[PDB]
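Participant: Structure supplied as query_30.cif; contents: mmCIF, C-alpha atoms.
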```
data_upload
#
loop_
_atom_site.group_PDB
_atom_site.id
_atom_site.type_symbol
_atom_site.label_atom_id
_atom_site.label_comp_id
_atom_site.auth_asym_id
_atom_site.auth_seq_id
_atom_site.Cartn_x
_atom_site.Cartn_y
_atom_site.Cartn_z
ATOM 1 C CA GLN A 3 17.721 -3.501 23.758
ATOM 2 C CA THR A 4 13.896 -3.462 23.065
ATOM 3 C CA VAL A 5 11.791 -6.294 21.871
ATOM 4 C CA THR A 6 9.903 -3.987 19.543
ATOM 5 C CA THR A 7 8.242 -6.026 16.945
ATOM 6 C CA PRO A 8 9.613 -6.041 13.376
ATOM 7 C CA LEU A 9 6.422 -4.436 12.123
ATOM 8 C CA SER A 10 6.615 -1.589 14.663
ATOM 9 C CA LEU A 11 10.291 -1.058 13.863
ATOM 10 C CA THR A 12 9.377 -0.679 10.170
ATOM 11 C CA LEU A 13 6.698 1.825 11.108
ATOM 12 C CA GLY A 14 9.217 3.684 13.261
ATOM 13 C CA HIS A 15 11.476 4.046 10.222
ATOM 14 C CA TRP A 16 8.850 4.287 7.546
ATOM 15 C CA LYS A 17 10.634 6.730 5.227
ATOM 16 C CA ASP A 18 13.639 4.389 5.062
ATOM 17 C CA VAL A 19 11.276 1.504 4.178
ATOM 18 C CA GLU A 20 10.077 3.646 1.277
ATOM 19 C CA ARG A 21 13.712 4.292 0.228
ATOM 20 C CA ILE A 22 14.343 0.550 0.188
ATOM 21 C CA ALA A 23 11.229 -0.003 -1.897
ATOM 22 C CA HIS A 24 12.220 2.713 -4.351
ATOM 23 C CA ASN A 25 15.681 1.176 -4.826
ATOM 24 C CA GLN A 26 13.774 -1.960 -5.935
ATOM 25 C CA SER A 27 11.779 0.190 -8.429
ATOM 26 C CA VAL A 28 8.570 -0.245 -6.429
ATOM 27 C CA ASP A 29 6.416 1.842 -4.079
ATOM 28 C CA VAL A 30 4.616 0.788 -0.897
ATOM 29 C CA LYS A 31 1.681 2.236 1.071
ATOM 30 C CA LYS A 32 1.964 2.120 4.878
ATOM 31 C CA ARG A 33 -1.607 1.006 5.439
ATOM 32 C CA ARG A 34 -1.208 -1.922 2.980
ATOM 33 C CA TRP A 35 2.154 -2.807 4.475
ATOM 34 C CA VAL A 36 0.367 -3.194 7.816
ATOM 35 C CA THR A 37 -2.647 -5.070 6.467
ATOM 36 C CA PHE A 38 -0.550 -7.552 4.482
ATOM 37 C CA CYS A 39 1.852 -8.150 7.375
ATOM 38 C CA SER A 40 -0.781 -8.499 10.082
ATOM 39 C CA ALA A 41 -3.983 -9.731 8.394
ATOM 40 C CA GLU A 42 -3.254 -11.360 4.997
ATOM 41 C CA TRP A 43 0.138 -13.085 5.196
ATOM 42 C CA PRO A 44 -0.543 -14.963 8.489
ATOM 43 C CA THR A 45 -3.541 -16.599 6.770
ATOM 44 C CA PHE A 46 -1.193 -18.304 4.297
ATOM 45 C CA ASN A 47 -0.117 -20.624 7.138
ATOM 46 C CA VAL A 48 3.505 -20.392 6.010
ATOM 47 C CA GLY A 49 4.940 -19.080 9.262
ATOM 48 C CA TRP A 50 4.587 -15.301 8.687
ATOM 49 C CA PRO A 51 4.128 -13.690 12.154
ATOM 50 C CA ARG A 52 1.418 -11.067 12.485
ATOM 51 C CA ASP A 53 3.996 -8.609 13.790
ATOM 52 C CA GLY A 54 6.466 -9.365 11.011
ATOM 53 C CA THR A 55 9.904 -10.867 10.758
ATOM 54 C CA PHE A 56 13.291 -10.160 9.227
ATOM 55 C CA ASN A 57 14.013 -13.872 8.803
ATOM 56 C CA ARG A 58 14.906 -14.480 5.165
ATOM 57 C CA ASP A 59 13.448 -18.024 5.130
ATOM 58 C CA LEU A 60 10.072 -16.828 6.340
ATOM 59 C CA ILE A 61 10.126 -13.923 3.851
ATOM 60 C CA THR A 62 10.833 -16.445 1.078
ATOM 61 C CA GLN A 63 7.801 -18.555 2.124
ATOM 62 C CA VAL A 64 5.517 -15.561 1.687
ATOM 63 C CA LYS A 65 7.277 -14.594 -1.526
ATOM 64 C CA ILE A 66 6.518 -18.022 -3.087
ATOM 65 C CA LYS A 67 2.847 -17.711 -2.148
ATOM 66 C CA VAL A 68 2.643 -14.138 -3.495
ATOM 67 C CA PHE A 69 4.404 -15.042 -6.758
ATOM 68 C CA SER A 70 2.335 -18.168 -7.423
ATOM 69 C CA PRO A 71 0.452 -18.226 -10.771
ATOM 70 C CA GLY A 72 -3.125 -16.874 -10.983
ATOM 71 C CA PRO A 73 -5.421 -17.583 -9.209
ATOM 72 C CA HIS A 74 -3.035 -18.758 -6.476
ATOM 73 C CA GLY A 75 -0.903 -15.659 -6.144
ATOM 74 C CA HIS A 76 -1.207 -12.031 -5.115
ATOM 75 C CA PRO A 77 0.107 -9.537 -7.690
ATOM 76 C CA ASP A 78 -0.955 -6.589 -5.534
ATOM 77 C CA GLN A 79 1.312 -7.881 -2.733
ATOM 78 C CA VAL A 80 4.483 -8.177 -4.873
ATOM 79 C CA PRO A 81 5.959 -4.751 -4.071
ATOM 80 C CA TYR A 82 5.407 -5.424 -0.348
ATOM 81 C CA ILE A 83 7.138 -8.772 -0.131
ATOM 82 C CA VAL A 84 9.920 -7.551 -2.463
ATOM 83 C CA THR A 85 10.528 -4.689 -0.027
ATOM 84 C CA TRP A 86 10.583 -6.890 3.086
ATOM 85 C CA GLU A 87 13.028 -9.127 1.219
ATOM 86 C CA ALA A 88 15.306 -6.196 0.264
ATOM 87 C CA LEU A 89 15.106 -4.880 3.801
ATOM 88 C CA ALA A 90 16.334 -8.192 5.144
ATOM 89 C CA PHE A 91 18.900 -8.951 2.451
ATOM 90 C CA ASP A 92 20.644 -5.517 2.463
ATOM 91 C CA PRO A 93 19.496 -4.024 5.676
ATOM 92 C CA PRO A 94 19.971 -0.579 7.047
ATOM 93 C CA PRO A 95 21.502 -0.176 10.489
ATOM 94 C CA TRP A 96 18.169 -0.051 12.258
ATOM 95 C CA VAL A 97 17.612 -3.714 11.112
#
```
Could you take the file, read its structure, and then write that structure out as structure tokens?

Facilitator:
Amino acid sequence: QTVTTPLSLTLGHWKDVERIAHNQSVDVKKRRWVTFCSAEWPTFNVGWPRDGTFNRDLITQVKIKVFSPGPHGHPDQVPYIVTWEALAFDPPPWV
């Protein structure tokens, strides 16, 4: 069907991820996208899988962490979670 992970799907369609970011008036780097998805967000212990997810509830959990007030939040990560959110909320056909 394929059980390709969400993260690998996003990498497979990277230019469209950038398009989605741009429509949110942000920009995203592929290497940071990967690091945040796989290394940083799982350490929040809010349910973010290392290989990503398109589940809006899980995206929202990360979003609340990222948007928390200094020193609790992650300004650098804002464009990234905003883009995952937009991807999930108004997705393109690849998913």

Participant: Go ahead and compute the interatomic distance for atom CA of residue 17 of chain A and atom CA of residue 47 of chain A, in Å to one decimal.

Facilitator: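 Between these atoms lies a distance of 29.5 Å.
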
Participant: So what do you get for atom CA of residue 14 of chain A versus atom CA of residue 67 of chain A, distance-wise?

Facilitator: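 Going from atom CA of residue 14 of chain A over to atom CA of residue 67 of chain A, I get 27.1 Å.
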
Participant: Would you kindly return, as an mmCIF file with C-alpha atoms, keeping the file's coordinate frame, each protein, DNA or RNA residue with an atom no farther than 12 Å from any atom of residue 27 of chain A, considering only C-alpha atoms and excluding same-chain residues fewer than 3 positions away?

Facilitator:
```cif
data_model
loop_
_atom_site.group_PDB
_atom_site.id
_atom_site.type_symbol
_atom_site.label_atom_id
_atom_site.label_comp_id
_atom_site.auth_asym_id
_atom_site.auth_seq_id
_atom_site.Cartn_x
_atom_site.Cartn_y
_atom_site.Cartn_z
ATOM 1 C CA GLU A 20 10.077 3.646 1.277
ATOM 2 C CA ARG A 21 13.712 4.292 0.228
ATOM 3 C CA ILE A 22 14.343 0.550 0.188
ATOM 4 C CA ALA A 23 11.229 -0.003 -1.897
ATOM 5 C CA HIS A 24 12.220 2.713 -4.351
ATOM 6 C CA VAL A 30 4.616 0.788 -0.897
ATOM 7 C CA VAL A 80 4.483 -8.177 -4.873
ATOM 8 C CA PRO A 81 5.959 -4.751 -4.071
ATOM 9 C CA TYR A 82 5.407 -5.424 -0.348
ATOM 10 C CA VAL A 84 9.920 -7.551 -2.463
ATOM 11 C CA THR A 85 10.528 -4.689 -0.027
ATOM 12 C CA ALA A 88 15.306 -6.196 0.264
#
```

Participant: Quick one: pull the distance between atom CA of residue 8 of chain A and atom CA of residue 63 of chain A, Å, one decimal.

Facilitator: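 Between atom CA of residue 8 of chain A and atom CA of residue 63 of chain A the gap works out to 16.9 Å.
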
Participant: From the options A:35, A:53, A:41, A:73, which residue's atoms come nearest to residue 5 of chain A, counting all atoms listed in the file?

Facilitator: A:53

Participant: Where's the centre, and what are the edge lengths in Å to one decimal, of a box along x, y and z enclosing all listed atoms of segment 10-16 of chain A padded 4 Å per side, as lines of an AutoDock Vina configuration file?

Facilitator:
```
center_x = 9.0
center_y = 1.3
center_z = 11.1
size_x = 12.9
size_y = 13.9
size_z = 15.1
```

Participant: Where does the PyMOL selection byres ((chain A and resi 59) around 12) land in this file, that is, which residues does it pick, as a JSON list (two decimals) with C-alpha atoms, in the coordinates of the input?

Facilitator:
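Saved the output as out-v8.json:
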```json
[["chain", "number", "residue", "atom", "x", "y", "z"],
["A", 48, "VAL", "CA", 3.50, -20.39, 6.01],
["A", 49, "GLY", "CA", 4.94, -19.08, 9.26],
["A", 50, "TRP", "CA", 4.59, -15.30, 8.69],
["A", 55, "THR", "CA", 9.90, -10.87, 10.76],
["A", 56, "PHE", "CA", 13.29, -10.16, 9.23],
["A", 57, "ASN", "CA", 14.01, -13.87, 8.80],
["A", 58, "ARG", "CA", 14.91, -14.48, 5.16],
["A", 60, "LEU", "CA", 10.07, -16.83, 6.34],
["A", 61, "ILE", "CA", 10.13, -13.92, 3.85],
["A", 62, "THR", "CA", 10.83, -16.44, 1.08],
["A", 63, "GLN", "CA", 7.80, -18.56, 2.12],
["A", 64, "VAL", "CA", 5.52, -15.56, 1.69],
["A", 65, "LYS", "CA", 7.28, -14.59, -1.53],
["A", 66, "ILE", "CA", 6.52, -18.02, -3.09],
["A", 86, "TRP", "CA", 10.58, -6.89, 3.09],
["A", 87, "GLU", "CA", 13.03, -9.13, 1.22],
["A", 90, "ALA", "CA", 16.33, -8.19, 5.14],
["A", 91, "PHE", "CA", 18.90, -8.95, 2.45]]
```

Participant: I'd like to know which of A:95, A:45, A:28, A:54 is closest to residue 6 of chain A, using only C-alpha atoms.

Facilitator: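 For residue 6 of chain A, the nearest of the candidates is A:54.
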
Participant: For a quick check of understanding, using only C-alpha atoms, which of A:83, A:89, A:68, A:39 has the smallest distance to residue 15 of chain A?

Facilitator: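 Residue with the minimum atom-to-atom distance to residue 15 of chain A: A:89.
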
Participant: Which residue gives the smallest distance to residue 79 of chain A among A:97, A:19, A:36, A:11, with only C-alpha atoms counted?

Facilitator: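 Of A:97, A:19, A:36, A:11, the one nearest residue 79 of chain A is A:36, counting only C-alpha atoms.
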
Participant: Pick out the closest residue to residue 10 of chain A from this set: A:71, A:93, A:32, A:43. Count only C-alpha atoms.

Facilitator: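 Smallest separation from residue 10 of chain A among the options: A:32.
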
Participant: Please return segment 70-83 of chain A, rebuilt to N, CA, C and O atoms, as a short mmCIF file (atom, residue, chain, number, x, y, z; two decimals), in the coordinates of the input.

Facilitator:
```cif
data_model
loop_
_atom_site.label_atom_id
_atom_site.label_comp_id
_atom_site.auth_asym_id
_atom_site.auth_seq_id
_atom_site.Cartn_x
_atom_site.Cartn_y
_atom_site.Cartn_z
N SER A 70 2.92 -16.99 -6.77
CA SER A 70 2.34 -18.17 -7.42
C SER A 70 1.47 -17.71 -8.60
O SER A 70 0.92 -16.61 -8.64
N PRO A 71 1.24 -18.59 -9.59
CA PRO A 71 0.45 -18.23 -10.77
C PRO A 71 -1.04 -18.05 -10.50
O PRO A 71 -1.57 -18.70 -9.62
N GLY A 72 -1.67 -17.13 -11.24
CA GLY A 72 -3.12 -16.87 -10.98
C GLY A 72 -3.79 -18.23 -11.02
O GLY A 72 -3.37 -19.10 -11.80
N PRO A 73 -4.82 -18.46 -10.20
CA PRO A 73 -5.42 -17.58 -9.21
C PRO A 73 -4.85 -17.75 -7.81
O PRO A 73 -5.48 -17.41 -6.83
N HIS A 74 -3.67 -18.32 -7.73
CA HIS A 74 -3.04 -18.76 -6.48
C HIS A 74 -2.18 -17.72 -5.79
O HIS A 74 -1.67 -17.93 -4.71
N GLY A 75 -1.82 -16.70 -6.57
CA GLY A 75 -0.90 -15.66 -6.14
C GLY A 75 -1.55 -14.34 -5.87
O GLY A 75 -2.78 -14.21 -5.85
N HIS A 76 -0.75 -13.32 -5.62
CA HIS A 76 -1.21 -12.03 -5.12
C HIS A 76 -0.41 -10.90 -5.74
O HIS A 76 0.47 -10.34 -5.11
N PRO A 77 -0.72 -10.56 -7.00
CA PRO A 77 0.11 -9.54 -7.69
C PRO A 77 0.24 -8.24 -6.91
O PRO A 77 1.26 -7.55 -6.98
N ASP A 78 -0.88 -7.83 -6.28
CA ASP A 78 -0.96 -6.59 -5.53
C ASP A 78 0.06 -6.54 -4.35
O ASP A 78 0.41 -5.49 -3.87
N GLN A 79 0.47 -7.71 -3.89
CA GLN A 79 1.31 -7.88 -2.73
C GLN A 79 2.80 -7.95 -3.11
O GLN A 79 3.66 -7.92 -2.23
N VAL A 80 3.09 -8.07 -4.42
CA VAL A 80 4.48 -8.18 -4.87
C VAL A 80 5.39 -7.09 -4.37
O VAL A 80 6.45 -7.40 -3.83
N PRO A 81 5.03 -5.81 -4.51
CA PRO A 81 5.96 -4.75 -4.07
C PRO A 81 6.28 -4.89 -2.60
O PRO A 81 7.36 -4.50 -2.14
N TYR A 82 5.30 -5.33 -1.82
CA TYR A 82 5.41 -5.42 -0.35
C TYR A 82 6.39 -6.51 0.05
O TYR A 82 7.32 -6.27 0.80
N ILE A 83 6.22 -7.74 -0.50
CA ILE A 83 7.14 -8.77 -0.13
C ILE A 83 8.54 -8.53 -0.68
O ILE A 83 9.55 -8.84 -0.06
#
```
